[PDB]
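Enquirer: Before anything else, here's the structure in question.
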Amino acid sequence: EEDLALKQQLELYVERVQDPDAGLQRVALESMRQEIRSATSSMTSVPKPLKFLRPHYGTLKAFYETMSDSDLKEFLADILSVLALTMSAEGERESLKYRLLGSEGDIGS
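Printed below as a string of structure tokens:
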């Protein structure tokens with residue numbers, strides 16, 4: 008039940024990111040960043056959040072393409088740069104392109 012609840016939370020966060028409200032978008036993106044940081048600390052297995060968020064990579068890419076410049080854009084660029092680790096085809100430099108457009112936040116996080 009816990010895995011299903013986490014998957015439901017992830018898809019709900021994606022839907023809230025798709026919502027036009029800037030505040031809700033910021034809240035969802037911050038929650039996604041927090042959970043990604045928490046899960047990545049597990050060195051013993053591929054994070055489940057990545058496995059659950061794999062299908063939404065194209066939708067998030069389109070949403071990035073549809074947004075105007077803003078801090079939300081930088082946070083979403085950081086998220087997509089982190090996500091490209093598992094979905095970028097060999098030779099597709101999406102991660103670096105989104106990182107150069109991302110924030111100058113601490114890489115180690």
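Residue numbers 8 to 116, in the working numbering, belong to the letters of the sequence shown in order.
A virtual CB, placed ideally from N, CA and C, is assigned to each residue, including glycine.
1. Just the C-alpha distance for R44 and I114, rounded to the nearest angstrom, thanks.
2. Would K55 pass as a contact of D85 if the rule is Cβ separation under 8 Å?
3. Put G109 into one of helix, strand or coil per three-state DSSP.
4. Report yes if the CB atom of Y20 is closer than 8 Å to the CB atom of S49, and no otherwise.
5. Give me the Cα-Cα distance between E97 and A91, rounded to the nearest whole angstrom.
6. Less than 8 Å between the beta carbons of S88 and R106, yes or no?
7. Considering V24, what are the terminal residues of the alpha helix (DSSP H) in which it resides?
8. As a quick exercise: from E42, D78 and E99, pick the residue whose alpha carbon is nearest that of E111.
Expert: Taking the geometry as given:
1. A straight line joining the alpha-carbon of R44 with that of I114 spans about 11 Å.
2. no
3. coil
4. The answer is no: Cβ separation not under 8 Å.
5. The alpha-carbon atoms of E97 and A91 are separated by roughly 11 Å.
6. yes
7. Its alpha helix (DSSP H) spans residues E9 to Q25.
8. Considering only alpha carbons, the answer is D78.
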